[PDB]
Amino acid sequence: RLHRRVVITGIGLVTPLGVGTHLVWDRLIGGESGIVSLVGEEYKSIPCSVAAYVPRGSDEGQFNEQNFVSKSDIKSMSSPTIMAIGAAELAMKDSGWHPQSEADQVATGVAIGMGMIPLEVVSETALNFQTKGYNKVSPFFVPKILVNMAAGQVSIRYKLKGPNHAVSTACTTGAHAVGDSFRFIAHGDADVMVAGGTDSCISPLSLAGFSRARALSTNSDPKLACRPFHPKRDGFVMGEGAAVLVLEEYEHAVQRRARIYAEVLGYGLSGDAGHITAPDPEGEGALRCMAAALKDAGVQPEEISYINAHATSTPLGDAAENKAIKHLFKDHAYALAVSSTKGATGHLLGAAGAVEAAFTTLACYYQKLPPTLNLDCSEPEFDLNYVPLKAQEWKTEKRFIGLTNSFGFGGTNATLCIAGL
């Protein structure tokens, strides 16, 4: 009917690498990581000893809550909410879109989700209730647990009256936010979508839960703990962060004289259906969502040159994705490059797919491929180019097209197809 192209005009990053689009990118290409050792008595007795935290402060690349939100706000709202607000402020500023018009406002929606409720706030309110009773319980408790509070807050501040779609899917949230936003724009429900994910669930209880699930890396050393594709990978490293992306219809962007990073071509979604804990050993579900994304994009596998892998430094997971890439791309798999950025940021949970979407986008804009960290050596099953250790220039005779993969609990798979102009 009407074919609307969708592009990215704005990036907002609040990450374990720091804050700001240039800064976080420069650091990621440089081979930096945010993974650090846990400190304090609370954490003792917990099998994981490492996590990845957004640096807080006034210094450049440090997240300062006070710049983004008011004193009253800080007390009222959860840490994931505040990060999303900040990421969103930065993205809109990056976009230079500030809708003043009613027409512009109705044209602009939000799609920002949160993977997990912060367990600490539950526990603190629950104890307060038992100890001190109902009168004591704060009214803001329920808003603190709600997923869409982030989206609501951004919506009010930037006056965004278009489609609102907060989505929590745990590990895949950010991927669904971008993909669903793309679909909405492409359908004509909006000209502009503010999209992303946030997570800030690093806590004794949360880490306990994940450790007991056998998800987490047991390694004491923050430098080595997260090692995607590596032989010694023992589990993922929990991270915290938000990423926000402004998606826009192409002509809308072009005409307002916006800076365009990249074009969203394709979204794909699939289910494994084998098992809740365990990835499909052959990666048949990952294959299917990648291929669904390509079909959406109108692109053949041979056209893809980079993949931002969802590898999270787990034995079964990293293997599955690798099989699927090999089967999908056949001989061209040895032509492409695959990297996992999880060594730098940790697993950002809800935010993971948004930040990796932002990274894939930037890869397209700069023709530069972020490293897989800690990949010193590689087993024969892992024979592809994983951009080990050092960043690589992205070279191809055709157009720059990449995939970013987000796989989640229960066998939910998501893939985005992002291209250079």
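One-based numbering along the sequence shown. Each form is matched to the other, and the largest set of C-alpha atoms that superpose within 1.5 Å is called the rigid core.
Engineer: Once the rigid core is matched, which of the two stretches, 268-276 or 108-116, lies farther off on average in 4 other deposited structures of this protein by C-alpha?
Structural biologist: Between 268-276 and 108-116, the one lying farther away in 4 other deposited structures of this protein is 268-276.
Engineer: Which stretch is less alike in 4 other deposited structures of this protein, 135-143 or 180-188, counting RMS CA distance after the rigid core is superposed?
Structural biologist: Most displaced of the pair in 4 other deposited structures of this protein: 135-143.
Engineer: Looking only at CA atoms, which has the higher mean B factor in the entry: 358-366 or 48-56?
Structural biologist: Higher mean C-alpha B-factor in the PDB entry: 48-56.
Engineer: Given the B-factors recorded for C-alpha atoms, which segment has the greater mean, 123-131 or 256-264?
Structural biologist: According to the PDB entry, the answer is 123-131.
Engineer: Based on what the PDB entry reports, which of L146, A177, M193, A88 has the top C-alpha B-factor?
Structural biologist: Of the candidates given, the C-alpha B-factor peaks at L146.
Engineer: Specify which of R227, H187, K330, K161 carries the largest Cα B factor in the deposited PDB entry.
Structural biologist: Across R227, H187, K330, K161, the entry lists the biggest C-alpha B-factor for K330.
Engineer: Among the modelled residues of its chain, does the C-alpha B-factor of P279 lie in the lowest, middle or highest third?
Structural biologist: Highest third, going by the recorded CA B-factors of the chain.
Engineer: Considering only modelled residues of the same chain, in which third does the CA B-factor of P80 rank: lowest, middle or highest?
Structural biologist: For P80, the deposited C-alpha B-factor lands in the middle third.
Engineer: Splitting the chain's C-alpha B-factors into thirds, which one does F236 fall into?
Structural biologist: According to the entry, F236 has a C-alpha B-factor in the chain's middle third.
Engineer: Based on the entry's values, in what third of the chain does the Cα temperature factor of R5 lie: lowest, middle or highest?
Structural biologist: Answer is lowest: the recorded C-alpha B-factor places it there.
Engineer: Based on the deposited C-alpha B factors for this chain, I'd like to know if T345 is in the lowest, middle or highest third.
Structural biologist: CA B-factor rank for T345: middle third.
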